[PDB]
Amino acid sequence: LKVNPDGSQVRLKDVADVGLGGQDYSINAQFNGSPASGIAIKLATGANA
Amino acid sequence: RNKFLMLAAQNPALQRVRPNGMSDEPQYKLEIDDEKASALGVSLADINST
């Protein structure tokens, strides 16, 4: 990000925390009581269920 | 793909087994030390554009 006008440099880890997280936190779910996930499938018009 | 190949060829049921695509060759990687880049007044985006 930057180099202190007095040697050394400033890194992303200096200004923020990093890591793998959800791409979106809005939706979430559980199954019977345990953390879970899932894709809902909508049938395509005309296709056979 | 290399085990597949040198195995299927011990298999008296197949022949002429060739992978279709290409094989990895040597490629000249580039390392850019931004530590000496920012310490030289040279952006970093200007190097890439370069």
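A. Representation of the overall build of chain B. The helix and strand inventory of chain B stands at 3 helices and 0 strands. Against the globule reference of 10 Å for 50 residues, chain B gives a C-alpha radius of gyration of 23 Å, more extended than a compact globule. Along the first, second and third principal axes, the C-alpha set of chain B runs to 65 × 20 × 15 Å. Taking all 50 residues of chain B together, the buried fraction comes to 6%. When the 6 basic and 7 acidic side-chain charges of chain B are each reduced to a single mean position, those positions are 23 Å apart.

B. Inspection of the layout of surface pockets at higher detail. Its boundaries defined by the atoms lining it, the largest pocket holds a volume of some 180 Å³. Partitioned by chemical class, the residues of the lining of the largest pocket number 4 nonpolar, 3 polar and 4 charged.

C. Region of interest: a nonpolar patch on the surface. Side chains of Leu-1, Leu-12, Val-15 and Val-18 of chain A sit close together on the surface and give an oily, nonpolar patch of about 460 Å² of accessible area. The topology assignment puts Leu-12 of chain A in helix α1 (residues 12-15).

D. Layout of the pattern of salt bridges. Within the structure shown, the criterion is met by 1 salt bridge over all chains. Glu-35 of chain B serves as the salt-bridge partner of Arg-11 of chain A, at 2.5 Å between the closest nitrogen and oxygen. Separated into two different chains, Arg-11 of chain A in the segment before α1 and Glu-35 of chain B in helix α2 (residues 34-37) make up a pair that spans both.

E. Fine view of the environment of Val-17 of chain B. Mapped onto the elements of the fold, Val-17 of chain B is located in the loop between α1 (2-8) and α2. Classification of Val-17 of chain B by relative accessible area gives partly exposed; the value is 33%.

How each quantity is defined
Residues numbered from 1 in each chain as written, not as in the entry; some residues may be left out. Chains lettered and ligands numbered in written order. Part of a larger assembly, values for the part shown. Heavy atoms only, no water. Helix = DSSP H or I, 4+ residues; strand = E, 2+ residues; numbered from the N terminus. Rg over C-alpha atoms; globule rule 2.2 N^0.38 Å. Buried < 20%, exposed > 50% of the residue type's maximum accessible area, 1.4 Å probe, protein only. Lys, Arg positive; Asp, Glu negative; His and termini not counted. Charge placed at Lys NZ, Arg CZ, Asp CG, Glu CD. 1 Å grid on protein atoms, 1.4 Å probe; cavity = no way out; pocket = protein on both sides within 12 Å on 5 of 7 lines; lining within 4 Å. Points joined across faces, edges and corners; volume = space filled by probe spheres on them. Nonpolar A, V, L, I, M, F, W, Y, C, P; charged D, E, K, R; others polar. Patch = residues over 30% accessible without salt bridge, like charges linked within 9 Å, V, L, I, M, F, W, Y side chains within 5 Å. Areas by Shrake-Rupley, 256 points an atom, 1.4 Å probe, with all protein chains shown as cover. Salt bridge = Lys/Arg side-chain N within 4 Å of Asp/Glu carboxyl O.

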